[PDB]
file entry_37.txt (compact mmCIF, C-alpha atoms)
# COMPACT_ATOMS: atom_id res chain seq x y z
CA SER A 1 153.14 63.36 111.12
CA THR A 2 153.84 64.86 114.53
CA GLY A 3 152.08 65.34 117.86
CA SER A 4 152.50 67.79 120.74
CA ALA A 5 150.75 67.60 124.09
CA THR A 6 151.09 69.46 127.37
CA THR A 7 151.89 67.43 130.46
CA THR A 8 150.87 68.74 133.89
CA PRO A 9 151.95 67.83 137.43
CA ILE A 10 149.19 66.07 139.40
CA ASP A 11 150.00 67.94 142.61
CA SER A 12 152.25 70.57 144.17
CA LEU A 13 155.16 68.11 144.56
CA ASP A 14 155.32 66.91 140.93
CA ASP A 15 154.56 63.37 142.17
CA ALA A 16 153.59 62.48 138.60
CA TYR A 17 152.50 64.14 135.35
CA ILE A 18 149.29 63.66 133.36
CA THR A 19 148.79 64.21 129.65
CA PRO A 20 145.40 64.27 127.92
CA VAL A 21 144.80 61.42 125.49
CA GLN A 22 141.85 60.99 123.11
CA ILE A 23 140.50 57.44 122.89
CA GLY A 24 137.71 56.21 120.66
CA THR A 25 135.02 57.71 118.45
CA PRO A 26 133.64 60.14 119.48
CA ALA A 27 136.72 61.02 121.47
CA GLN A 28 136.86 60.14 125.15
CA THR A 29 139.60 62.20 126.81
CA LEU A 30 141.48 60.56 129.67
CA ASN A 31 144.46 61.97 131.55
CA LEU A 32 147.23 59.38 131.39
CA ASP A 33 150.63 59.06 133.06
CA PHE A 34 153.20 58.75 130.26
CA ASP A 35 155.69 56.16 131.52
CA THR A 36 158.97 55.54 129.68
CA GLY A 37 159.57 52.66 132.12
CA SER A 38 156.65 50.46 131.05
CA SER A 39 154.96 49.43 127.84
CA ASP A 40 151.21 49.05 128.48
CA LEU A 41 148.55 51.63 127.66
CA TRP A 42 145.86 50.87 130.22
CA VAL A 43 142.83 52.80 131.41
CA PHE A 44 140.19 52.97 134.06
CA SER A 45 137.08 51.83 132.26
CA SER A 46 133.43 50.84 132.44
CA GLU A 47 134.74 47.35 133.25
CA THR A 48 136.71 48.44 136.33
CA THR A 49 135.31 47.01 139.59
CA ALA A 50 133.11 49.88 140.78
CA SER A 51 134.49 49.98 144.34
CA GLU A 52 137.96 50.54 142.85
CA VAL A 53 136.97 53.68 140.95
CA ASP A 54 137.10 56.93 142.96
CA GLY A 55 136.93 60.03 140.77
CA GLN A 56 138.80 58.85 137.69
CA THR A 57 137.47 59.41 134.19
CA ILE A 58 136.71 56.06 132.58
CA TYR A 59 136.89 54.75 129.04
CA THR A 60 133.64 53.13 127.93
CA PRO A 61 134.34 50.96 124.87
CA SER A 62 130.64 50.35 124.18
CA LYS A 63 130.27 54.08 123.43
CA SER A 64 133.07 54.04 120.84
CA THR A 65 132.16 53.13 117.27
CA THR A 66 135.79 52.22 116.57
CA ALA A 67 136.36 49.97 119.63
CA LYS A 68 136.81 46.24 119.01
CA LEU A 69 137.41 43.57 121.64
CA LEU A 70 140.78 41.93 121.11
CA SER A 71 139.30 38.52 121.71
CA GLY A 72 141.09 36.36 124.27
CA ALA A 73 143.67 38.95 125.23
CA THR A 74 144.40 39.74 128.86
CA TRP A 75 147.02 41.81 130.67
CA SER A 76 148.40 42.13 134.17
CA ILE A 77 151.13 44.43 135.37
CA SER A 78 152.96 45.25 138.60
CA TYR A 79 154.94 48.42 139.23
CA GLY A 80 157.91 49.32 141.43
CA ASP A 81 155.86 50.56 144.40
CA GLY A 82 153.95 47.28 144.45
CA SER A 83 150.88 48.70 142.76
CA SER A 84 149.18 46.70 140.01
CA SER A 85 146.31 46.41 137.58
CA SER A 86 144.83 43.86 135.17
CA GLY A 87 142.04 43.33 132.65
CA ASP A 88 141.16 42.69 129.04
CA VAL A 89 141.94 44.49 125.78
CA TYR A 90 140.25 46.53 123.05
CA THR A 91 141.73 48.04 119.94
CA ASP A 92 140.66 51.62 119.27
CA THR A 93 141.81 54.92 117.80
CA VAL A 94 144.13 56.84 120.11
CA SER A 95 145.37 60.39 119.56
CA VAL A 96 147.99 62.34 121.49
CA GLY A 97 148.46 66.02 120.75
CA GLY A 98 147.04 65.67 117.23
CA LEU A 99 148.91 62.45 116.37
CA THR A 100 146.55 59.55 115.68
CA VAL A 101 147.10 55.80 115.82
CA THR A 102 144.40 53.44 114.62
CA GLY A 103 144.22 49.91 116.02
CA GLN A 104 146.04 50.78 119.23
CA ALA A 105 145.74 48.24 122.02
CA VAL A 106 143.82 49.90 124.84
CA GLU A 107 144.05 47.74 127.94
CA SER A 108 140.84 48.03 129.94
CA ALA A 109 141.27 47.60 133.70
CA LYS A 110 138.99 45.15 135.47
CA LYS A 111 141.06 45.48 138.65
CA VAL A 112 143.39 48.15 140.01
CA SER A 113 145.26 48.22 143.32
CA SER A 114 144.50 50.67 146.12
CA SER A 115 147.21 53.16 145.15
CA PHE A 116 145.53 53.69 141.78
CA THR A 117 142.02 53.99 143.22
CA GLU A 118 143.26 56.54 145.73
CA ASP A 119 144.73 58.78 143.04
CA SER A 120 141.76 60.41 141.36
CA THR A 121 143.98 62.42 138.98
CA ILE A 122 145.44 59.52 136.97
CA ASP A 123 143.02 57.79 134.58
CA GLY A 124 145.61 55.27 133.38
CA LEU A 125 149.12 54.84 131.98
CA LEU A 126 150.62 55.20 128.52
CA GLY A 127 153.78 53.14 128.33
CA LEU A 128 156.72 54.38 126.25
CA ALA A 129 159.39 51.78 127.01
CA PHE A 130 160.12 49.06 124.43
CA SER A 131 157.25 46.84 123.33
CA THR A 132 159.07 43.73 124.52
CA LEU A 133 157.85 44.65 128.03
CA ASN A 134 154.18 44.78 127.02
CA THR A 135 152.18 42.37 129.21
CA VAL A 136 149.31 41.45 126.86
CA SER A 137 148.86 37.70 126.47
CA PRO A 138 148.79 35.58 124.37
CA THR A 139 149.64 38.14 121.69
CA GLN A 140 152.00 40.86 122.87
CA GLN A 141 151.01 44.37 121.80
CA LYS A 142 152.92 47.44 120.62
CA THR A 143 153.21 50.77 122.41
CA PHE A 144 151.62 53.94 121.04
CA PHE A 145 155.10 55.14 119.99
CA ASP A 146 155.93 51.89 118.21
CA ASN A 147 152.63 52.02 116.31
CA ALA A 148 153.13 55.71 115.42
CA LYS A 149 156.79 55.45 114.47
CA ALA A 150 156.60 54.75 110.75
CA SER A 151 154.26 57.72 110.26
CA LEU A 152 156.35 60.16 112.26
CA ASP A 153 158.53 62.75 110.53
CA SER A 154 161.41 61.47 112.68
CA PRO A 155 161.25 58.33 114.87
CA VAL A 156 161.58 60.20 118.15
CA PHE A 157 159.65 61.54 121.08
CA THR A 158 160.80 64.15 123.58
CA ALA A 159 160.08 64.75 127.23
CA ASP A 160 160.23 68.30 128.56
CA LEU A 161 158.94 68.07 132.11
CA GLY A 162 158.39 71.18 134.20
CA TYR A 163 159.40 71.89 137.77
CA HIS A 164 156.15 72.79 139.55
CA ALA A 165 154.87 73.74 136.09
CA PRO A 166 153.46 72.22 132.91
CA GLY A 167 155.71 70.80 130.21
CA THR A 168 155.49 69.06 126.86
CA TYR A 169 155.67 65.67 125.19
CA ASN A 170 156.43 65.89 121.47
CA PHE A 171 156.26 63.06 118.96
CA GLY A 172 158.07 63.05 115.64
CA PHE A 173 160.15 66.22 115.93
CA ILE A 174 162.72 67.98 118.07
CA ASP A 175 161.70 71.52 119.10
CA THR A 176 164.98 73.40 118.79
CA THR A 177 163.47 76.34 120.75
CA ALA A 178 162.87 74.20 123.83
CA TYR A 179 166.47 73.78 124.99
CA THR A 180 169.72 75.69 125.34
CA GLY A 181 173.09 74.70 123.91
CA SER A 182 173.41 71.36 122.15
CA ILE A 183 171.85 67.94 122.70
CA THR A 184 174.30 65.27 123.85
CA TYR A 185 173.39 61.79 122.68
CA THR A 186 174.37 58.63 124.49
CA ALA A 187 173.99 54.89 123.82
CA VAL A 188 170.97 52.85 124.85
CA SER A 189 170.70 49.19 125.72
CA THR A 190 167.28 47.69 125.07
CA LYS A 191 168.26 44.33 126.63
CA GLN A 192 165.97 44.85 129.64
CA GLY A 193 163.26 46.63 127.65
CA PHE A 194 164.07 50.05 129.11
CA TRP A 195 165.69 53.25 127.88
CA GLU A 196 168.85 52.12 129.66
CA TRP A 197 172.01 54.21 129.43
CA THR A 198 175.23 54.94 131.32
CA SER A 199 175.84 58.27 133.00
CA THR A 200 179.48 59.33 133.15
CA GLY A 201 179.40 60.56 136.74
CA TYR A 202 178.16 63.11 139.23
CA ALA A 203 178.86 66.13 141.38
CA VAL A 204 177.28 67.38 144.60
CA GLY A 205 176.71 71.13 144.75
CA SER A 206 179.82 73.04 143.76
CA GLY A 207 181.97 69.98 144.39
CA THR A 208 184.34 68.33 141.96
CA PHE A 209 182.93 65.98 139.37
CA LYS A 210 183.43 62.29 140.04
CA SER A 211 183.97 60.30 136.86
CA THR A 212 182.21 56.98 137.30
CA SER A 213 179.85 54.89 135.15
CA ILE A 214 176.28 54.72 136.42
CA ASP A 215 173.97 52.44 134.47
CA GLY A 216 170.31 53.41 134.76
CA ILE A 217 167.01 54.02 133.02
CA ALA A 218 165.36 57.19 131.79
CA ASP A 219 161.97 56.82 133.43
CA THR A 220 159.25 59.46 133.26
CA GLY A 221 157.02 57.15 135.32
CA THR A 222 159.17 57.28 138.44
CA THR A 223 159.02 60.40 140.62
CA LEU A 224 162.48 60.42 142.19
CA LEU A 225 166.15 59.89 141.30
CA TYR A 226 167.40 56.48 142.50
CA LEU A 227 171.15 55.99 142.48
CA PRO A 228 173.78 53.76 144.13
CA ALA A 229 174.05 54.02 147.90
CA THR A 230 177.58 55.45 147.65
CA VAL A 231 176.40 58.35 145.48
CA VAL A 232 173.31 59.04 147.58
CA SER A 233 175.30 59.03 150.82
CA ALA A 234 177.76 61.53 149.33
CA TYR A 235 174.86 63.83 148.43
CA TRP A 236 173.04 63.75 151.77
CA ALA A 237 176.30 64.10 153.73
CA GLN A 238 176.28 67.71 152.50
CA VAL A 239 172.94 68.46 154.20
CA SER A 240 173.08 69.13 157.95
CA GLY A 241 170.74 66.80 159.81
CA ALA A 242 169.96 64.54 156.84
CA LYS A 243 169.62 60.86 157.58
CA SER A 244 168.28 57.64 156.14
CA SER A 245 165.10 56.73 157.99
CA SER A 246 163.94 53.12 158.02
CA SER A 247 160.54 54.17 159.42
CA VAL A 248 159.93 56.68 156.63
CA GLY A 249 161.61 54.57 153.93
CA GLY A 250 164.41 56.79 152.72
CA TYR A 251 166.54 59.85 153.28
CA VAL A 252 164.87 62.72 155.09
CA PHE A 253 166.28 66.14 155.90
CA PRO A 254 165.35 69.15 158.01
CA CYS A 255 162.72 71.25 156.25
CA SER A 256 164.84 74.27 157.25
CA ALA A 257 167.68 73.14 154.93
CA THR A 258 168.86 74.67 151.70
CA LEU A 259 169.62 71.72 149.45
CA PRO A 260 172.68 71.57 147.20
CA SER A 261 172.33 70.90 143.52
CA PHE A 262 173.17 67.53 141.97
CA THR A 263 174.94 67.21 138.64
CA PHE A 264 174.93 64.10 136.44
CA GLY A 265 177.09 63.39 133.41
CA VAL A 266 175.89 62.64 129.91
CA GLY A 267 179.05 61.93 127.94
CA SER A 268 181.21 65.02 128.37
CA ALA A 269 178.12 67.13 129.08
CA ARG A 270 176.55 67.92 132.46
CA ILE A 271 172.93 68.26 133.62
CA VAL A 272 172.41 70.27 136.82
CA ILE A 273 169.46 69.47 139.04
CA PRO A 274 168.77 72.49 141.27
CA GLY A 275 168.52 71.77 144.98
CA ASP A 276 164.88 72.83 145.10
CA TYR A 277 164.00 69.96 142.69
CA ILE A 278 165.19 67.52 145.38
CA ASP A 279 162.70 68.77 148.02
CA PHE A 280 159.57 66.59 148.32
CA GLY A 281 158.25 68.33 151.38
CA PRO A 282 157.09 67.25 154.80
CA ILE A 283 156.91 63.50 155.39
CA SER A 284 153.45 64.08 156.89
CA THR A 285 151.36 67.20 157.09
CA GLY A 286 152.98 69.74 159.40
CA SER A 287 156.19 67.80 159.95
CA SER A 288 159.54 69.54 160.04
CA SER A 289 161.16 66.47 158.45
CA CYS A 290 161.16 66.62 154.66
CA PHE A 291 161.51 63.79 152.16
CA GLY A 292 164.48 63.71 149.80
CA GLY A 293 164.24 63.51 146.03
CA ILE A 294 167.44 61.49 145.68
CA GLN A 295 167.22 58.01 147.16
CA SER A 296 169.17 54.79 147.11
CA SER A 297 168.47 52.23 144.39
CA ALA A 298 169.84 49.43 146.59
CA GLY A 299 167.28 46.65 146.55
CA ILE A 300 165.48 48.01 143.45
CA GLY A 301 168.03 46.28 141.27
CA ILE A 302 168.40 49.18 138.82
CA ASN A 303 169.27 52.87 138.98
CA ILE A 304 166.43 55.13 137.88
CA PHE A 305 166.73 58.59 136.37
CA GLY A 306 163.17 59.55 137.23
CA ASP A 307 161.36 62.87 137.03
CA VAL A 308 163.69 64.66 139.48
CA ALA A 309 166.52 64.20 136.98
CA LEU A 310 164.56 64.34 133.73
CA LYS A 311 162.75 67.58 134.54
CA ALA A 312 166.13 69.34 134.66
CA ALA A 313 166.67 68.49 130.96
CA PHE A 314 165.15 68.38 127.52
CA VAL A 315 165.25 64.64 126.80
CA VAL A 316 165.17 62.95 123.36
CA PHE A 317 164.03 59.36 123.17
CA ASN A 318 165.39 58.36 119.77
CA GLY A 319 163.64 55.25 118.46
CA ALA A 320 165.72 54.90 115.33
CA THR A 321 166.92 51.41 114.36
CA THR A 322 169.71 51.86 116.90
CA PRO A 323 168.00 53.72 119.72
CA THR A 324 169.76 56.47 121.65
CA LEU A 325 168.97 59.08 124.32
CA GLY A 326 169.70 62.81 124.04
CA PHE A 327 169.95 65.29 126.90
CA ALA A 328 170.12 69.07 126.72
CA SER A 329 170.00 71.81 129.35
CA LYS A 330 167.03 74.17 129.18

call {"tool": "encode", "arguments": {"input": "entry_37.txt", "output": "structure tokens"}}
result
Amino acid sequence: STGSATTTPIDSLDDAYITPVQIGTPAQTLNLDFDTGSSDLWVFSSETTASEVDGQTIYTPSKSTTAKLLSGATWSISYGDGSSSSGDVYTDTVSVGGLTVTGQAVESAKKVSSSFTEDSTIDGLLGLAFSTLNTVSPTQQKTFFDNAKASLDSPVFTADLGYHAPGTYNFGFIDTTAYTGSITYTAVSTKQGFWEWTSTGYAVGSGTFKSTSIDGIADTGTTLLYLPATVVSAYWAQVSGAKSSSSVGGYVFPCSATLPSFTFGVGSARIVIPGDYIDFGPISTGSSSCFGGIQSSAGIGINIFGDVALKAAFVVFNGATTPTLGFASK
């Protein structure tokens, strides 16, 4: 089997991407944030504290003939921005882009933090990291991809995120029309539960490439590119007026700037992020200070190749017995 679904930015800055997902019978369609950095499929639901729902579409298990309470199971997750959610668990039929999994754990939110309530465009998350990170207790649950894998034509999914435009998530096949040149594959460590890999270096603009190993994760659920402070300083030093602002919480730059590109290495191959991809606009409405799309990972504890980086590539998440990651230009 295969599946293919369009993913769409939630706003004009590509702050996140939502993908329609069918849950239950008859289908209830929710727009979920596909997150290769976590491993829980959770949804706003009829069980979510009413004051914490503000415009989201909810899953109502009682209206699904295929929903079953997973008795005794609970979940609770925190994310990198300090947001969180928790609840109980149903199993139900879940389909993405025509690909169907029966018995998928659907984690129903009883509580969500303010950041989730305030974002009316995201109805939940669909985690695509390794199932070892799944938070369901006392019986850990598998991701949608893990459950689908055996049925897939090939044990892969691909992320093809757009810049200020829709893109595609494919399951079970590699669309050879969706990228240019060849795909370069690179090793993955699953030791931390992530799609963790080592970039071979970077360049800033038309500058010379610096060969240096940068360990990090391929994370569709993070907006920006988070890299070591040395790398990030070298980038922003090429932008007149750019500075790290403690009050804003990262590098800012004059909105009048033209940003240089940023290149990262994948083996002997190179992915070029255009400068425009690194512009996240005014820090507040009407400001002439703009927020940068490359930020330091210092104090996160891991480097993160988030959407800023991934949307410059066609990315293969290869879930074969020995997992790997593939990157191509597009």

call {"tool": "closest_residue", "arguments": {"input": "entry_37.txt", "among": "A:104, A:131, A:49, A:95", "to": "residue A:69", "atoms": "all atoms listed in the file"}}
result
A:104

call {"tool": "residues_around", "arguments": {"input": "entry_37.txt", "residues": "residue A:175", "least_positions_apart": "2", "cutoff": "12 Å", "atoms": "only C-alpha atoms", "output": "compact mmCIF listing (two decimals) with C-alpha atoms, in the coordinates of the input"}}
result
# COMPACT_ATOMS: atom_id res chain seq x y z
CA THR A 2 153.84 64.86 114.53
CA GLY A 3 152.08 65.34 117.86
CA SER A 4 152.50 67.79 120.74
CA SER A 154 161.41 61.47 112.68
CA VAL A 156 161.58 60.20 118.15
CA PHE A 157 159.65 61.54 121.08
CA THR A 158 160.80 64.15 123.58
CA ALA A 159 160.08 64.75 127.23
CA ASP A 160 160.23 68.30 128.56
CA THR A 168 155.49 69.06 126.86
CA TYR A 169 155.67 65.67 125.19
CA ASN A 170 156.43 65.89 121.47
CA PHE A 171 156.26 63.06 118.96
CA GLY A 172 158.07 63.05 115.64
CA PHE A 173 160.15 66.22 115.93
CA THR A 177 163.47 76.34 120.75
CA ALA A 178 162.87 74.20 123.83
CA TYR A 179 166.47 73.78 124.99
CA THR A 180 169.72 75.69 125.34
CA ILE A 183 171.85 67.94 122.70
CA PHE A 314 165.15 68.38 127.52
CA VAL A 315 165.25 64.64 126.80
CA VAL A 316 165.17 62.95 123.36
CA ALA A 328 170.12 69.07 126.72
CA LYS A 330 167.03 74.17 129.18

call {"tool": "closest_residue", "arguments": {"input": "entry_37.txt", "among": "A:251, A:317, A:116, A:305", "to": "residue A:53", "atoms": "only C-alpha atoms"}}
result
A:116

call {"tool": "atom_distance", "arguments": {"input": "entry_37.txt", "atom1": "atom CA of residue A:268", "atom2": "atom CA of residue A:186"}}
result
10.1 Å

call {"tool": "closest_atom_pairs", "arguments": {"input": "entry_37.txt", "of": "stretch 158-259 of chain A", "to": "stretch 39-45 of chain A", "cutoff": "12 Å", "atoms": "all atoms listed in the file", "output": "JSON lines"}}
result
{"residue": "A:193", "atom": "CA", "partner": "A:39", "partner_atom": "CA", "distance": 8.8}
{"residue": "A:194", "atom": "CA", "partner": "A:39", "partner_atom": "CA", "distance": 9.2}
{"residue": "A:195", "atom": "CA", "partner": "A:39", "partner_atom": "CA", "distance": 11.4}
{"residue": "A:219", "atom": "CA", "partner": "A:39", "partner_atom": "CA", "distance": 11.6}
{"residue": "A:221", "atom": "CA", "partner": "A:39", "partner_atom": "CA", "distance": 10.9}

call {"tool": "write_last_selection", "arguments": {"input": "entry_37.txt", "atoms": "C-alpha atoms", "output": "PDB file, in the frame of the given file"}}
result
ATOM      1  CA  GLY A 193     163.260  46.630 127.650  1.00  0.00           C
ATOM      2  CA  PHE A 194     164.070  50.050 129.110  1.00  0.00           C
ATOM      3  CA  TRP A 195     165.690  53.250 127.880  1.00  0.00           C
ATOM      4  CA  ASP A 219     161.970  56.820 133.430  1.00  0.00           C
ATOM      5  CA  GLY A 221     157.020  57.150 135.320  1.00  0.00           C
TER       6      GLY A 221
END

call {"tool": "closest_residue", "arguments": {"input": "entry_37.txt", "among": "A:323, A:162, A:282, A:61", "to": "residue A:25", "atoms": "only C-alpha atoms"}}
result
A:61

call {"tool": "axis_aligned_box", "arguments": {"input": "entry_37.txt", "around": "stretch 233-252 of chain A", "padding_each_side": "8 Å", "output": "AutoDock Vina command-line options"}}
result
--center_x 168.8 --center_y 61.1 --center_z 154.1 --size_x 33.8 --size_y 32.0 --size_z 27.4

call {"tool": "atom_distance", "arguments": {"input": "entry_37.txt", "atom1": "atom CA of residue A:140", "atom2": "atom CA of residue A:153"}}
result
26.0 Å
